[PDB]
Peer 1: 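To start, I am sharing the structure in question, which I have written as structure tokens.
No hydrogens, no waters, no symmetry mates; every other heavy atom, side chains included, goes into these values. In each ligand, atom 1 is the first atom listed, and ligand 1 is the first ligand listed. Along the sequence shown, the residues carry numbers beginning at 1.
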Amino acid sequence: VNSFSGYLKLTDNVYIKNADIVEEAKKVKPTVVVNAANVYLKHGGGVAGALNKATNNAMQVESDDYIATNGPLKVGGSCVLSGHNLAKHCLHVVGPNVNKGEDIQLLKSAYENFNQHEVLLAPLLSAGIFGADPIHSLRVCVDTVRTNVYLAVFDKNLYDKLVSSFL
Ligand SMILES: O=C(c1n[nH]c2ncc(Br)cc12)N1CCCN(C2CC2)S1(=O)=O
């Protein structure tokens, strides 16, 4: 039993809800919140900009130190950093950004990072400003993640479409 509330169950291990991931994280304080990161951990917009803003820029400060030490992530890769006031940990995961020409096949590799964590609150990888089809992202999620994932979809119109079209 966990504290996530109001989710629709899609599969044995994947759950979905129309919710703002920032407000969901603040309420649940999950062990792991997933950020829709880029390789530079520059949290300017989309999910990342919103999560960072909610930490009062502490996520960005921590991220800049991480990059100064380690260099950029790989597309499809991840790192574990603090969750600040939102979660115990933040798993920064880099899905391919279609608006940069990156290979959509890397989306499966990106979701594989979720399997290192028993339970996660997460957005759909590569959706929103990363330019991929969210229906496809949900399909890859369900077919790749084996751990328990609670997906927050900000747009109510998109949420209804994802549910109604889910196979
Ligand atoms: O939640 C957001 C989101 N995008 N910009 C934001 N700004 C502030 C806050 Br708070 C949340 C967001 N989505 C990111 C894109 C992928 N998803 C869409 C496809 C269904 S999403 O995972 O629903």
Peer 1: Which atoms of ligand 1 sit under 4.0 Å from any heavy atom of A50?
Peer 2: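 Counting from 1, the qualifying ligand atoms are 8 (C), 9 (C), 10 (Br).
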
Peer 1: Starting from atom 16 (C) of ligand 1, which protein heavy atom do you reach first, and at what distance in Å?
Peer 2: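 Going atom by atom, the protein heavy atom closest to atom 16 (C) of ligand 1 ends up being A127 CB, 2.5 Å.
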
Peer 1: Quick check: does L158 get an N/O under 3.5 Å from an N/O on ligand 1?
Peer 2: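 Between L158 and ligand 1, no N or O pair is found under 3.5 Å apart.
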
Peer 1: Can you list the ligand 1 atoms lying under 4.0 Å from a non-hydrogen atom of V153?
Peer 2: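 The atoms of ligand 1 under 4.0 Å from a heavy atom of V153 are 20 (C), 23 (O).
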
Peer 1: Considering only heavy atoms of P123, which atoms of ligand 1 have at least one such atom less than 4.0 Å away?
Peer 2: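 Those of ligand 1 that fall under 4.0 Å from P123 are 22 (O).
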
Peer 1: What I want to check is whether the side chains of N2 and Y150 have a donor and an acceptor closer together than 3.5 Å.
Peer 2: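 Yes, a side-chain donor-acceptor pair sits under 3.5 Å.
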
Peer 1: Identify, for atom 7 (N) of ligand 1, the protein heavy atom at the shortest distance, and state residue, atom and that distance.
Peer 2: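 Nearest neighbour among protein heavy atoms for atom 7 (N) of ligand 1, to 0.1 Å: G46 O, 3.5 Å.
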
Peer 1: Of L51, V22, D20, which has the heavy atom at the shortest distance from atom 10 (Br) of ligand 1?
Peer 2: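 Result: the heavy atom closest to atom 10 (Br) of ligand 1 is in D20.
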
Peer 1: So does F130 get a backbone contact from the side chain of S126, meaning a donor-acceptor N/O pair under 3.5 Å?
Peer 2: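 Between the backbone of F130 and the side chain of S126 there is no qualifying donor-acceptor contact (under 3.5 Å).
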
Peer 1: Please list, chain by chain and in numerical order, all residues satisfying salt bridge (charged side-chain N to carboxylate O under 4.0 Å, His left out) with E23, sequence neighbours excluded.
Peer 2: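 Once residues adjacent in sequence are excluded, the partners of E23 under the salt bridge (charged side-chain N to carboxylate O under 4.0 Å, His left out) criterion are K26.
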
Peer 1: May I ask you to check whether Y40 and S63 show a side-chain donor-acceptor distance below 3.5 Å?
Peer 2: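 Judged by distance alone, the side chains do not pair up.
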
Peer 1: Please list the nearest protein heavy atom to atom 15 (C) of ligand 1 with its residue and the distance rounded to 0.1 Å.
Peer 2: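 Going by distance alone, atom 15 (C) of ligand 1 is nearest to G128 N, 2.8 Å.
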
Peer 1: Apply side-chain hydrogen bond (donor to acceptor under 3.5 Å, both in side chains) to residues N97 and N38 and explain how you reach the verdict.
Peer 2: CA-CA 8 Å; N97 187 325; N38 58 54; over 6 Å; no

Peer 1: Taking a cutoff of less than 4.0 Å between a non-hydrogen atom of the residue and any ligand atom, is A36 in contact with ligand 1?
Peer 2: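 Distance cut 4.0 Å: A36 fails for ligand 1.
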
Peer 1: Side-chain donor-acceptor pair under 3.5 Å between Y15 and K9, yes or no?
Peer 2: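 Yes, side-chain donor-acceptor contact under 3.5 Å.
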
Peer 1: Please find out if less than 6.0 Å separates the ring center of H43 from that of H92.
Peer 2: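 Distance test on ring centres: under 6.0 Å, yes.
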
Peer 1: As a quick check of understanding, evaluate side-chain hydrogen bond (donor to acceptor under 3.5 Å, both in side chains) for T31 and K88, giving each step before the final call.
Peer 2: CA-CA 5 Å; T31 304; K88 188 172 192 299; over 6 Å; no

Peer 1: Could you tell me which atoms of ligand 1, counted from 1 in the order shown, lie closer than 4.0 angstrom to a heavy atom of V47?
Peer 2: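 Heavy-atom distances to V47 below 4.0 Å select 1 (O), 2 (C), 3 (C), 5 (N), 6 (C), 12 (C), 13 (N), 14 (C).
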
Peer 1: Which atoms of ligand 1 are found less than 4.0 Å from any heavy atom of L124?
Peer 2: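 Per the distance check, 16 (C), 22 (O).
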
Peer 1: Return the closest protein heavy atom for atom 1 (O) of ligand 1 as residue, atom name and distance.
Peer 2: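 Its nearest protein heavy-atom neighbour is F154 CB, 3.2 Å.
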
Peer 1: Give the atom numbers and elements of ligand 1 that come within less than 4.0 Å of a heavy atom of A152.
Peer 2: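 Close to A152: 22 (O), 23 (O).
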
Peer 1: I'd like to check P123 versus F154 (side-chain heavy atoms, cut-off strictly below 4.5 Å). Are they in contact?
Peer 2: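 No; the side chains remain at least 4.5 Å from each other.
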
